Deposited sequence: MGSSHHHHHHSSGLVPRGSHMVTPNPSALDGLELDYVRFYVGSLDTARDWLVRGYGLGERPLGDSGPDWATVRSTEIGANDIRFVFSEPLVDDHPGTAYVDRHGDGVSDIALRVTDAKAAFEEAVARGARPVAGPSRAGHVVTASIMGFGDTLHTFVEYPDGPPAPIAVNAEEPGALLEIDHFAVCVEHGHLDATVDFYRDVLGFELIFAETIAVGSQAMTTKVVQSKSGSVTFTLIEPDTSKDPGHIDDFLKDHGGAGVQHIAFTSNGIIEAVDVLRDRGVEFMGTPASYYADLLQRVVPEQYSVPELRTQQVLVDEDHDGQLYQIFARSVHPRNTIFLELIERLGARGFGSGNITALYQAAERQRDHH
C-alpha cells in the first residue's frame, strides 16, 4: 500500500571521478549540475531527470567495491514513497532483502533494499515533495524530460526470478514479454512497470543455447547483472538527436536498408524517412500509436552502459520491431 504509489526518484551512480559524469552528461548532453568524508557527490540532470553521481573518498566504502568490480555504473535506483518506513517493512515482509533500515537525515527518510545484481533500491520520503528540477526546459524542442525506463541485463536463468521479485515484492506489472532472436543469437525481454507508471525495467536475459552476443559481453564485462542503458524521453526525437550530435554525442548506426523498406511496414506520421534516416532513429507502432527510439554509443571504458532517446506518440509500451532493431544496432557497435 505504501509501495503502491512509489515513483521513480533519482538514479545513483558510483564513479571513479565526478568529472567523468560531468564531461559526459553536462558537457556532452547539456544537462545541469547541482553539487560525509567518505563520498563526494554531485547531482546532474534536467526537468524530471535526476542523477546522483558519487565517487568514494576512501577504500572502506561500498562505492570503492563497486567501481573495482564494475567501474562506473548504476548502484541505486531510488523510489520515492510517501512513507519510507512503511514501504520498507512491507517489502521485507514480502521477501525483499534489507540493505539499510529506515533512518532520517534532514530532508529525507530512507530505507534501502536489494534489487537486481548488486544494485540497490532506496525508499525515499521527502517532507515537502521531491527536490526541484536541476534545470528546466520542458517546452524546448529536443528537451530531455524524464527517464522513460531502464534496461537491465540479467544472467541466464535469473530472468523469471527477477520478474517475480518486482511483481511479488514491489507490485510491478508485466507489460511486455517476448523472446527475440536475431541470426544465431537470441534473448528474452520482459518489461515490468510500477503501478504508478514511472518505474519501468526491461529485463534482458541472454540465450545460452545460441551464440553469445553483446548481452553476454555486458554481463561478463560489467561483472554480473546491471543497468545496460537509460532512456530519456525527448520533446521531439529529431531535434534532440540533432542538438546532441552538434555537441559531440555519438549514436549507434542503422544501415540505409532499414529506411529503404520502412514504408512497407510502418508509415511514420510525425517525421519523414529522410529525417529518420539522417538521425538514425527507429520507428515502431502498436494499437495506440507509434514509438521512436535510438541508442547512443557507450562512452564507458568497458563499453557496457549506454544511453537511449525515446519519443512516444501513442505507443505506451514497447514494440518488437524496435526491440529487434535496437538489438542489432547494439550488436553492431560492440560485439
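*Asks:* Go through the deposited sequence from residue 1 and tell me which stretches lack C-alpha coordinates, in order.
*Replies:* In sequence order, the gaps with no modelled C-alpha are 1-26, 62-68, 369-370.
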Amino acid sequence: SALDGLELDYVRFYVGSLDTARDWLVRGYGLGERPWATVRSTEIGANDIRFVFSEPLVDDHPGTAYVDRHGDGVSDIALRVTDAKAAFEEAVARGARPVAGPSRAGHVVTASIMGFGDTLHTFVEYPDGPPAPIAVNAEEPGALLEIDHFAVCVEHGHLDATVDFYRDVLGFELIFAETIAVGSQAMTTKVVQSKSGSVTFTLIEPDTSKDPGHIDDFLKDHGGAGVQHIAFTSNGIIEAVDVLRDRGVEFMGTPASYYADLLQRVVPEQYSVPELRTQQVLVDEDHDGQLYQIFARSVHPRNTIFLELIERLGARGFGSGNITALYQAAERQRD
From here on, numbers count along this sequence of modelled residues.
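*Asks:* Taking only the CA atoms, which stretch has the higher mean B-factor in the record, 166-174 or 210-218?
*Replies:* The recorded data point to 210-218.
*Asks:* With reference to the PDB entry, specify whether the mean Cα temperature factor is higher for 222-230 or for 253-261.
*Replies:* Per the deposited B-factors, the answer is 253-261.
*Asks:* Looking at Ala84, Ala105, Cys153, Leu79, which has the highest CA B-factor as recorded?
*Replies:* Top of the list by C-alpha B-factor: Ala105.
*Asks:* Going by the deposited entry, which of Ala143, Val192, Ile180, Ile147 has the highest CA temperature factor?
*Replies:* Spelled out: the listed residue with the top C-alpha B-factor is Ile180.
*Asks:* For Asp59, does the deposited CA B-factor place it in the lowest, middle or highest third of the chain?
*Replies:* Top third by C-alpha B-factor.
*Asks:* Using the B-factor values recorded in the entry, state whether the Cα atom of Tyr29 falls in the lowest, middle or highest third among the modelled residues of its chain.
*Replies:* Middle third - that is where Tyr29 ends up once the chain's C-alpha B-factors are sorted.
*Asks:* Check where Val241 lands among this chain's C-alpha B-factors and tell me if it's the lowest, middle or highest third.
*Replies:* Within its chain, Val241 is a middle-third residue by C-alpha B-factor, going by the deposited values.
*Asks:* Once the chain's modelled residues are ordered by C-alpha B factor and cut into thirds, is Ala21 in the lowest, middle or highest one?
*Replies:* Middle third of the chain for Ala21's C-alpha B-factor.
*Asks:* Taking the chain's C-alpha temperature factors as the reference, tell me which third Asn47 falls into: lowest, middle or highest.
*Replies:* According to the entry, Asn47 has a C-alpha B-factor in the chain's lowest third.
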